[PDB]
């Protein structure tokens, strides 16, 4: 009710926001596919809960300050400033969250990419070892799917490379060339 309580309420909330910003600012993007999977899922929960709880609190402060200003409270100037600072911190936090969410998604896709690469390297391999029938048609369709999946892998490699340079980009490209060479040798193998 009182202005002192409003101030305190505003102060506690801004303090709460500052803590959330610390979490939303984490640089940890994960070092393997499991790790990034965990970070990504954890962050989604964090963003959702933080957003919902935070927005209600900000709204309530905004509503009460706005009513007081509307009613011509003599301290409208002081409380409007409180409102402005609060809204600026909240917006900073939301931007931090959006950013981290996107970066975690990029890291997810990158680790997923290398994870798939290995999967594919093994799969072509398991299909090269078999050097031949009645199950020819199972080999036919199966093999073709790879053509499409290796094609898909190449497509991912193409997209990811526009997101990175230097060593990361090089890593992405090396893995793609390694898969394309495995595939190419398989094809050549099967006459």
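Numbering follows the first chain given and starts at 1.
According to the record, the deposited sequence contains no missing residues between residue 27 and residue 28, so the chain is continuous there.
Annotation for 122-130 versus 56-64: the higher mean temperature factor (C-alpha) is found in 122-130.
Higher mean CA temperature factor between 47-55 and 150-158: 150-158, per the PDB entry. When the modelled residues of the chain are ordered by C-alpha B-factor, residue 39 sits in the lowest third. The PDB entry assigns residue 6 a C-alpha temperature factor belonging to the lowest third of its chain's modelled residues. The PDB entry assigns residue 180 a C-alpha temperature factor belonging to the highest third of its chain's modelled residues. Among the modelled residues of its chain, residue 78 has a C-alpha B-factor that falls in the middle third, as given in the PDB entry. Per the deposited record, the Cα B-factor of residue 33 falls in the middle third when ranked against the other modelled residues of its chain.
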